[PDB]
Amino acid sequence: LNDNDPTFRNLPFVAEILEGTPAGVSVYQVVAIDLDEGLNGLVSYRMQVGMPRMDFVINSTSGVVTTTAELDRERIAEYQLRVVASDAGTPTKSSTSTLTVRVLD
């Protein structure tokens, strides 16, 4: 059955990114691994907050994180992006860790 929750290999992480970094920049690629077999160890990625106006998206397959707007320290200085890594197990197992982004002046 579904023994193992996915385990993050590269979260938590604090990224510093220069303000003026435009929309459409892939800033990171999250990796979580699941020891379980087949469907029980196929990992998918989402943000914890379903909020549709975030300045970052994560691709559910690749775990690639991309800007959706120009970063501006005067607008948001720090993002704590909670990433959920889930397996496709019949009971779904998941882990959450934070990609923190600090916008440098």
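Residue numbers here begin at 1 and follow the sequence given.
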property: Higher-B stretch (mean Cα B-factor, as the entry records it), 43-51 or 72-80; result: 43-51
property: Residue stretch of maximal mean CA temperature factor, 94-102 vs 4-12; result: 4-12
property: Third of the chain's Cα B-factor distribution that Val64 belongs to, per the entry; result: lowest
property: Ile58 by Cα B-factor - lowest, middle or highest third of the modelled chain; result: lowest
property: Relative C-alpha B-factor of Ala32, binned into the chain's lowest, middle or highest third; result: middle
property: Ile17 CA temperature factor, ranked by third within the chain; result: lowest
